[PDB]
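Encoded as C-alpha cells, the structure appears first; notes follow it.
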Amino acid sequence: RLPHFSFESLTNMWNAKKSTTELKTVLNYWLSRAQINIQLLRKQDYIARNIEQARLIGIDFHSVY
Amino acid sequence: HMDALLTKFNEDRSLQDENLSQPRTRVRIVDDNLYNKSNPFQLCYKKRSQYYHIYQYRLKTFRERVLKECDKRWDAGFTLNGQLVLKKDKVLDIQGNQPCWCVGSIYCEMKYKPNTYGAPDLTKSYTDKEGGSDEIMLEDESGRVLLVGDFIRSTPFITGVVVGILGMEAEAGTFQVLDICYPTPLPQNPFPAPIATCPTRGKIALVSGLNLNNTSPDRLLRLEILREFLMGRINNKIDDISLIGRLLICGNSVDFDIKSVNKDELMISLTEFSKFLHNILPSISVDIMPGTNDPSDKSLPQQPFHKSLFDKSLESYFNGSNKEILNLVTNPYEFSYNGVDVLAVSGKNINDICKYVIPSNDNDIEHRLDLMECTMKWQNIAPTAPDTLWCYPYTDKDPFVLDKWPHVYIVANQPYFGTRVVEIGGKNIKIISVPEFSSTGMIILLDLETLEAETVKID
Amino acid sequence: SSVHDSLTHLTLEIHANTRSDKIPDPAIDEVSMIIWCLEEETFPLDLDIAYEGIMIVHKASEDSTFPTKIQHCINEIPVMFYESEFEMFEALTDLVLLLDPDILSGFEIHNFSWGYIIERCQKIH
Amino acid sequence: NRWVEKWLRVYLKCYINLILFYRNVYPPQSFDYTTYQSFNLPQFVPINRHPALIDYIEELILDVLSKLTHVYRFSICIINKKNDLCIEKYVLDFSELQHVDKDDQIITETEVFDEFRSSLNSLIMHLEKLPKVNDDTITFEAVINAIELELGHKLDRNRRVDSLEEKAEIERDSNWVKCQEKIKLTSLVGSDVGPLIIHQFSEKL
C-alpha cells in the first residue's frame, strides 16, 4: 500500500526552503509510484495478455490494445 | 524450625522501646515544589497536526540555545592550524575543507524491530538491513553527512540530538567523531544542607509503579504484604522508618492493556490501588503520577487523573487536603526540597528507545542506563509520539523533557537496577533506573542526606 | 536476456506546483522535477540503464541548497542539473533517444503523463 | 432484588470453576488466578478463559438463578469417565434467600463479600486436603436437589413463542432433566451472612 498525497500538499512540500525531508518524500514518492507502475505493468498487461498475443498472432503491439 | 528459635533468641526488643501509642513522626519534609509554582508539564485549566509545529519549535529553540556555544564553550578557531570553526550549519559550505561546527540533529536510524492495511513488513524489509548498520547521519534540516568513529556506538545520541561535531574533515561526506556539543547549563539551583539541627532527611524514590493486572496474583503479591509495612511495621530495627520519606510512585499505577479492558475491571484494580494508598496514607504521604499503561494521554505532558484512582473512603481526602498528603502530578515533575530539584519519568520515554524503536547505535542494563543519561544531557525528543495534545501542546515555555536541570532524574521500568552518579559542569546528577515490579522490584531509597541511593530486593 | 524479446519500457511522471485552491492545470502550471523509471533485465546493457534517473529545473539560485540536499542525502543517481525548462524537455528527448523507450509507460496517459508535457509544450513552449 | 443475584452469580462462578480447577478436569495451565470474569470476584479464583467453557458456566448459573425459589440446594456432581458413579457431591444452598422475600435491606457489600471469601477459602482448604491420585480422567455435571419444581413440560402443549426472554426460559426448562432420585460426607464452613444463608457442605463417593 502506497500513501497518496494531494497535489496542493505536494505543492506545499515543493517550491521553497523547508527541510530536506519534504524534498525527500516528494522525490521518493513519485519514484515509488514510478517503480510500482513498472512492476504493475510488468505483472499484468505486458506479459499475460498482450506480448505473447503479438508473438502468436503477428500484428504489432499498438492495435492489440 | 530454628527460624522460630531466632525469634526466641531475640527477646531484647520486647516492644522496640516505643510507647506505641506515640507516633514518632519522621520527616520534616519541606516540599517547596507543591504550591508556589505553576507546573510547566501540567495541563492548562482553560484547555481542560500537533507534533509537526513542535518539532520545528524544538529545533529552533535548541538552535538559538546551542548557537551561544560553539566557541564560547568549545574549540577556539586559533587551533586546528586556523581551520575555521565558524557557525555555518548548512552543508553548502560544510564542503569547505576547514571543519566548522556542524550544528545539526541526528535522525539516522529510528524504526521498529517488532510490528497490515498499510503493508508494514514489506516496508520493514528496508528497515532491518539498513537499520542494523550503525551509520550516523547529521541533519541541520539542510543536509545529511556521514559519520564514522568510536563514539558512533559508545555514545548513544540516537535521535533529536543537536550536536556540534569536530573531526578532521578529509571528505565533504564524512567526519570522524572527536567532540560533540551540548546545550548550555541552566544554572545551579542551590542544593542546601540544613546544617544546624540536621533532620536526617527522608530518602525515597521507592515505587516504579505497582503494575497490577487482575490477571495475576504474583504482581498483587509483593505489594500490601511486604510493602505498606516496610513503611511502618516490617522493621529494620528501627532505622528504615528514619530513612523513608514521602511515597513516590512513578507511572504504572495499574497495569492493563487497553483493547481488553472495560469499566468494572478498571475499577477493581483502581479500588485495590485505593486500598493500598488509603492503607499507606496514614503511615507515609504519597505523590502519584500516571503515564504509560495506567490511564493517561500517553504523552510526556500528561494530565494526571484525579478522582478515579480512589474509592469514596479515599476520594474525600484530596478534597480535604489540597496537595499535602497526595496530589496528582504529571509524568515529569520537579520535586524541589528547597532547591534539591529532582525529575521523574515513568520510563516509557526511554523504554521505547531502549527496546521498541532501536535498530542501531548498539556496540543489557549498562547500555540502557546511559540512554537516559543521553536524554538528560540533550533535553531532547526521545519518544515517537510527543506532546500529543489537541489544544496548547507547547507554548514556548514547557518542553516535555525540560530545560531546567535537576539533581536526580527518576526513570522507571528497566530490567535490572542501575544507580550511578555522574558530575557535569553544571551540577551533579545521579542516575536512577528503578526496575519494573514484576522484574524483581529492586526498590530504592533516593537522596537528600549525602545524596546517596539505597536499593532493597523486594524479591 | 540472451535475445531481447521485445518492448523495453520506461515511465514518466511529474510534480505539480499548482495553485493551492484548485486542481492542477497544465495550461497554467509547470514541472520542475522529472522522474523516469526503467528497471528490469529486458534491457541488456545495464551501464546507465535498468537504473532510475531524476533531473531538475531551477532558477540558478543554488543558495537555497536544492541540488546539495538531493545528492548527499539521497544516493539513487547523480542527479542531472538542468535549467531553462524547454532545454530540460529537450534533454529528456535526448535521453529517450539515448535509451530504448519502446513501451512509453505512464499513468493517466492523457493527463498526468507524457500527454501533460506534450500539450504543455504545445500551448506554453 | 437485582444486586443479590449478581452476588449469587459471582459466588456460583467462583464455586463451580474452583471445583473445576481443583479436580483437574481442565488443564491447570489454562487457569490463571483472577478477579474479573464479567464481574467482580471476592477472591482470586483460578479461571480458565476458554470462551465456550465460560459461556457454558455462566449459562448454567443463569439457568439455576432463573428459578430461584424452587431450588433449596444447588450442587455440583463429580462423575468419572470410568463410571457414572458420583465421586464427590459439593453441597450449596439457596435457603432463606433475600430474592424470594425481595427485601431491599440490607446491602452489606463488604460483609457479604467477607463471608463469601470465607466460604471460598474453606472450599480451597477442603479441596487441597484430599489427595491427588488419578488426577486426570474426571468430568463435571450439575445436580439440583430442589423442593418443588417441574418446568420441563413448558416445551409442550402447543405453545406459540414470540419473545427472546421466554426463548431463554424455554431453554431453561429444556436443559434440565429429573434423574432417578452416602458413603462419606465431609464438613465445609458455609457463609453465615444474614439474607444469604448458604449452608455449604461436601460429599465423598
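To be explicit about the labels: the chains of the C-alpha cells are called A, B, and onward in the order shown, and within each one the residues are counted from 1, while ligands get numbers from 1 in the order they are shown.
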Check: Leaving out residue 283 (chain B) and any residue of its chain fewer than 2 positions from it, which residues lie within 7 Å of it when counting only C-alpha atoms, given as JSON, numbers by chain?
Finding: {"B": [231, 232, 280, 281, 285]}
### Task
Just the residues within 8 Å of residue 42 (chain B), please, counting only C-alpha atoms, with nothing from its chain fewer than 6 positions along; format it as a PyMOL selection string.
chain B and resi 301-303+329-330
Next, the residues of the selection above should be written as a PDB file, in the first residue's frame with N, CA and C atoms.
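Okay, again_11.pdb is ready:
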ATOM      1  N   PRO B 301       3.898  15.332  28.560  1.00  0.00           N
ATOM      2  CA  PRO B 301       2.949  16.162  29.305  1.00  0.00           C
ATOM      3  C   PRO B 301       1.601  15.473  29.290  1.00  0.00           C
ATOM      4  N   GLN B 302       1.200  14.933  30.433  1.00  0.00           N
ATOM      5  CA  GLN B 302       0.010  14.107  30.517  1.00  0.00           C
ATOM      6  C   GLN B 302      -0.785  14.539  31.734  1.00  0.00           C
ATOM      7  N   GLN B 303      -2.073  14.741  31.534  1.00  0.00           N
ATOM      8  CA  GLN B 303      -2.936  15.195  32.606  1.00  0.00           C
ATOM      9  C   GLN B 303      -3.125  14.070  33.612  1.00  0.00           C
ATOM     10  N   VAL B 329       0.257  14.501  40.018  1.00  0.00           N
ATOM     11  CA  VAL B 329       1.348  15.147  39.302  1.00  0.00           C
ATOM     12  C   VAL B 329       1.596  14.376  38.014  1.00  0.00           C
ATOM     13  N   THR B 330       2.306  15.024  37.097  1.00  0.00           N
ATOM     14  CA  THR B 330       2.448  14.542  35.735  1.00  0.00           C
ATOM     15  C   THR B 330       3.641  13.600  35.628  1.00  0.00           C
TER      16      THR B 330
END
Could you give me, as a Markdown table, every chain B residue with an atom at most 8 Å from chain C, plus its closest atom pair and distance in Å to one decimal, counting only C-alpha atoms, rows ordered by chain then number?
| residue | atom | partner | partner_atom | distance |
| --- | --- | --- | --- | --- |
| B:91 | CA | C:68 | CA | 7.4 |
| B:92 | CA | C:65 | CA | 6.6 |
| B:142 | CA | C:69 | CA | 6.5 |
| B:143 | CA | C:69 | CA | 5.2 |
| B:144 | CA | C:73 | CA | 5.1 |
| B:145 | CA | C:72 | CA | 7.1 |
| B:173 | CA | C:72 | CA | 7.4 |
Next on the checklist: Neighbouring residues of residue 127 (chain D) were defined as those with any atom within 12 Å, considering only C-alpha atoms; residues of the same chain fewer than 6 positions away were excluded. Please report them as a ChimeraX atom specification.
Outcome noted: /D:15,18-24,88,90,120-121,186-188,201-204
- Task: For chain D, work out the contacting residues on chain B at 9 Å, counting only C-alpha atoms, and write them as number ranges by chain.
- Result: B: 213-217, 264-265, 268
From the DSSP assignment of the backbone, select every residue of region 233-375 of chain B that is alpha helix (DSSP H), and format the answer as an MDAnalysis selection string.
chainID B and resid 239:243 263:280 312:320 348:351 365:368 371:375
When you get a sec, could you note down which chain C residues fall within 8 Å of chain A, using only C-alpha atoms, as a list in words?
->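 Residues satisfying the distance criterion: residues 9, 10, 11, 12, 13, 14, 15, 16, 17, 18, 19, 20, 21, 23, 24, 35, 36, 37, 38, 39, 64, 69, 70, 74, 105, 106 and 107 of chain C.
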Under the rule of at most 9 Å, produce a per-residue listing of chain B near chain A: chain, number, name, the closest pair of atoms, and the distance in Å, as CSV, using only C-alpha atoms.
residue,atom,partner,partner_atom,distance
B:117,CA,A:1,CA,7.4
B:118,CA,A:1,CA,5.3
B:119,CA,A:1,CA,5.6
B:120,CA,A:1,CA,8.7
B:139,CA,A:20,CA,8.4
B:140,CA,A:19,CA,8.6
B:141,CA,A:19,CA,4.8
B:142,CA,A:20,CA,6.0
B:143,CA,A:20,CA,6.4
B:144,CA,A:20,CA,8.6
Writing out the chosen residues with N, CA, C and O atoms as a compact mmCIF listing (two decimals), in the first residue's frame:
# COMPACT_ATOMS: atom_id res chain seq x y z
N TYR B 117 -2.86 -3.25 7.03
CA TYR B 117 -3.52 -2.46 5.99
C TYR B 117 -2.53 -1.60 5.21
O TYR B 117 -2.66 -1.43 4.00
N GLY B 118 -1.52 -1.05 5.89
CA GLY B 118 -0.51 -0.24 5.26
C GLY B 118 0.68 -0.98 4.70
O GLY B 118 1.64 -0.33 4.28
N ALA B 119 0.65 -2.33 4.71
CA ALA B 119 1.70 -3.25 4.27
C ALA B 119 3.03 -3.00 4.99
O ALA B 119 4.02 -2.64 4.34
N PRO B 120 3.08 -3.15 6.33
CA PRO B 120 4.29 -2.71 7.05
C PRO B 120 5.52 -3.58 6.84
O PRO B 120 6.62 -3.03 6.71
N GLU B 139 21.57 15.94 10.57
CA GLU B 139 20.64 16.80 9.84
C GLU B 139 20.43 18.09 10.60
O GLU B 139 19.86 18.08 11.70
N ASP B 140 20.87 19.20 10.02
CA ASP B 140 20.52 20.53 10.48
C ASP B 140 19.30 21.09 9.74
O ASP B 140 19.08 22.31 9.79
N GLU B 141 18.54 20.22 9.08
CA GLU B 141 17.49 20.45 8.08
C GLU B 141 18.03 21.00 6.76
O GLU B 141 17.25 21.41 5.90
N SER B 142 19.36 21.02 6.58
CA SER B 142 19.94 21.43 5.31
C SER B 142 20.70 20.33 4.58
O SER B 142 20.97 20.50 3.39
N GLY B 143 21.04 19.23 5.24
CA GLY B 143 21.63 18.10 4.54
C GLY B 143 22.30 17.06 5.42
O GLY B 143 22.85 17.40 6.47
N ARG B 144 22.28 15.80 4.98
CA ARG B 144 22.92 14.72 5.72
C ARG B 144 24.42 14.67 5.44
O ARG B 144 24.87 14.96 4.32
Report as a JSON list (two decimals) with C-alpha atoms, in the first residue's frame all protein, DNA and RNA residues lying within 8 Å of residue 189 (chain B), evaluated on only C-alpha atoms, omitting residues in the same chain fewer than 6 positions from it.
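Ended up saving to selection-v8.json:
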[["chain", "number", "residue", "atom", "x", "y", "z"],
["B", 339, "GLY", "CA", 16.46, 23.51, 45.85],
["B", 340, "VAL", "CA", 17.02, 19.75, 45.67],
["B", 341, "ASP", "CA", 15.19, 19.60, 42.35]]
Q: Just the residues within 12 Å of residue 111 (chain B), please, counting only C-alpha atoms, with nothing from its chain fewer than 2 positions along; format it as a PyMOL selection string.
A: chain B and resi 107-109+113-115+120+123-132+158-159+352-360+383-384
Expected file: the selected residues, N, CA and C atoms, as a PDB file, in the first residue's frame:
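What ended up in selection_13.pdb:
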ATOM      1  N   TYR B 107      19.107  11.994  12.844  1.00  0.00           N
ATOM      2  CA  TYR B 107      17.909  11.197  12.592  1.00  0.00           C
ATOM      3  C   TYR B 107      18.261   9.988  11.733  1.00  0.00           C
ATOM      4  N   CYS B 108      19.355   9.307  12.096  1.00  0.00           N
ATOM      5  CA  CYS B 108      19.963   8.301  11.225  1.00  0.00           C
ATOM      6  C   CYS B 108      19.097   7.055  11.084  1.00  0.00           C
ATOM      7  N   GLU B 109      18.813   6.376  12.194  1.00  0.00           N
ATOM      8  CA  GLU B 109      18.013   5.153  12.171  1.00  0.00           C
ATOM      9  C   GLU B 109      17.101   5.154  13.385  1.00  0.00           C
ATOM     10  N   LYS B 113      11.890  -2.722  15.368  1.00  0.00           N
ATOM     11  CA  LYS B 113      12.104  -4.156  15.170  1.00  0.00           C
ATOM     12  C   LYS B 113      10.821  -4.984  15.312  1.00  0.00           C
ATOM     13  N   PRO B 114       9.984  -4.845  16.363  1.00  0.00           N
ATOM     14  CA  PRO B 114       8.722  -5.598  16.322  1.00  0.00           C
ATOM     15  C   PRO B 114       7.568  -4.824  15.702  1.00  0.00           C
ATOM     16  N   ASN B 115       6.728  -5.552  14.970  1.00  0.00           N
ATOM     17  CA  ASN B 115       5.495  -4.995  14.421  1.00  0.00           C
ATOM     18  C   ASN B 115       4.501  -4.641  15.525  1.00  0.00           C
ATOM     19  N   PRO B 120       3.083  -3.151   6.327  1.00  0.00           N
ATOM     20  CA  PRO B 120       4.288  -2.707   7.054  1.00  0.00           C
ATOM     21  C   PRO B 120       5.520  -3.577   6.841  1.00  0.00           C
ATOM     22  N   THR B 123       7.595  -2.868   3.765  1.00  0.00           N
ATOM     23  CA  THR B 123       8.400  -1.682   4.046  1.00  0.00           C
ATOM     24  C   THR B 123       9.520  -1.993   5.035  1.00  0.00           C
ATOM     25  N   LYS B 124       9.224  -2.801   6.060  1.00  0.00           N
ATOM     26  CA  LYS B 124      10.176  -3.184   7.102  1.00  0.00           C
ATOM     27  C   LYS B 124      11.342  -4.038   6.603  1.00  0.00           C
ATOM     28  N   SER B 125      11.279  -4.574   5.379  1.00  0.00           N
ATOM     29  CA  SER B 125      12.452  -5.203   4.776  1.00  0.00           C
ATOM     30  C   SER B 125      13.594  -4.203   4.612  1.00  0.00           C
ATOM     31  N   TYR B 126      13.269  -2.974   4.200  1.00  0.00           N
ATOM     32  CA  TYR B 126      14.250  -1.893   4.155  1.00  0.00           C
ATOM     33  C   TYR B 126      14.748  -1.507   5.546  1.00  0.00           C
ATOM     34  N   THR B 127      13.901  -1.655   6.573  1.00  0.00           N
ATOM     35  CA  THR B 127      14.275  -1.307   7.945  1.00  0.00           C
ATOM     36  C   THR B 127      15.417  -2.176   8.471  1.00  0.00           C
ATOM     37  N   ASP B 128      15.322  -3.497   8.268  1.00  0.00           N
ATOM     38  CA  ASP B 128      16.146  -4.460   9.003  1.00  0.00           C
ATOM     39  C   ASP B 128      17.630  -4.372   8.646  1.00  0.00           C
ATOM     40  N   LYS B 129      17.961  -4.404   7.353  1.00  0.00           N
ATOM     41  CA  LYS B 129      19.368  -4.427   6.960  1.00  0.00           C
ATOM     42  C   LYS B 129      20.024  -3.058   7.117  1.00  0.00           C
ATOM     43  N   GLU B 130      19.364  -2.004   6.622  1.00  0.00           N
ATOM     44  CA  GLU B 130      19.912  -0.651   6.711  1.00  0.00           C
ATOM     45  C   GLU B 130      19.956  -0.145   8.149  1.00  0.00           C
ATOM     46  N   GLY B 131      18.906  -0.421   8.928  1.00  0.00           N
ATOM     47  CA  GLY B 131      18.900  -0.037  10.332  1.00  0.00           C
ATOM     48  C   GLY B 131      19.944  -0.762  11.159  1.00  0.00           C
ATOM     49  N   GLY B 132      20.210  -2.031  10.824  1.00  0.00           N
ATOM     50  CA  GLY B 132      21.235  -2.797  11.523  1.00  0.00           C
ATOM     51  C   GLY B 132      22.624  -2.201  11.395  1.00  0.00           C
ATOM     52  N   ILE B 158      20.985   8.947  19.792  1.00  0.00           N
ATOM     53  CA  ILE B 158      20.185   8.260  18.777  1.00  0.00           C
ATOM     54  C   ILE B 158      19.346   9.237  17.957  1.00  0.00           C
ATOM     55  N   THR B 159      18.542  10.077  18.610  1.00  0.00           N
ATOM     56  CA  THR B 159      17.582  10.878  17.860  1.00  0.00           C
ATOM     57  C   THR B 159      17.290  12.192  18.574  1.00  0.00           C
ATOM     58  N   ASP B 352      10.816   2.897  25.146  1.00  0.00           N
ATOM     59  CA  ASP B 352      10.564   2.776  23.714  1.00  0.00           C
ATOM     60  C   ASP B 352      11.855   2.939  22.913  1.00  0.00           C
ATOM     61  N   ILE B 353      12.751   3.828  23.358  1.00  0.00           N
ATOM     62  CA  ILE B 353      14.063   3.970  22.732  1.00  0.00           C
ATOM     63  C   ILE B 353      14.929   2.747  23.008  1.00  0.00           C
ATOM     64  N   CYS B 354      14.832   2.188  24.212  1.00  0.00           N
ATOM     65  CA  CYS B 354      15.734   1.118  24.614  1.00  0.00           C
ATOM     66  C   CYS B 354      15.363  -0.228  24.008  1.00  0.00           C
ATOM     67  N   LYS B 355      14.080  -0.483  23.774  1.00  0.00           N
ATOM     68  CA  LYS B 355      13.747  -1.779  23.189  1.00  0.00           C
ATOM     69  C   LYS B 355      12.916  -1.686  21.918  1.00  0.00           C
ATOM     70  N   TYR B 356      12.009  -0.714  21.830  1.00  0.00           N
ATOM     71  CA  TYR B 356      10.928  -0.797  20.855  1.00  0.00           C
ATOM     72  C   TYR B 356      11.333  -0.257  19.483  1.00  0.00           C
ATOM     73  N   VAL B 357      12.172   0.781  19.437  1.00  0.00           N
ATOM     74  CA  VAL B 357      12.415   1.506  18.189  1.00  0.00           C
ATOM     75  C   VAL B 357      13.917   1.568  17.859  1.00  0.00           C
ATOM     76  N   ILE B 358      14.682   0.578  18.309  1.00  0.00           N
ATOM     77  CA  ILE B 358      16.140   0.640  18.176  1.00  0.00           C
ATOM     78  C   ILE B 358      16.684  -0.419  17.209  1.00  0.00           C
ATOM     79  N   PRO B 359      16.988  -0.071  15.953  1.00  0.00           N
ATOM     80  CA  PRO B 359      17.821  -0.958  15.131  1.00  0.00           C
ATOM     81  C   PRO B 359      19.318  -0.676  15.150  1.00  0.00           C
ATOM     82  N   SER B 360      19.767   0.445  15.714  1.00  0.00           N
ATOM     83  CA  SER B 360      21.139   0.910  15.531  1.00  0.00           C
ATOM     84  C   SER B 360      21.677   1.402  16.868  1.00  0.00           C
ATOM     85  N   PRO B 383      10.743  10.332  22.527  1.00  0.00           N
ATOM     86  CA  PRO B 383       9.794   9.307  22.080  1.00  0.00           C
ATOM     87  C   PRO B 383       9.299   9.553  20.657  1.00  0.00           C
ATOM     88  N   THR B 384       8.377   8.688  20.229  1.00  0.00           N
ATOM     89  CA  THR B 384       7.880   8.697  18.862  1.00  0.00           C
ATOM     90  C   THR B 384       6.572   9.460  18.690  1.00  0.00           C
TER      91      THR B 384
END
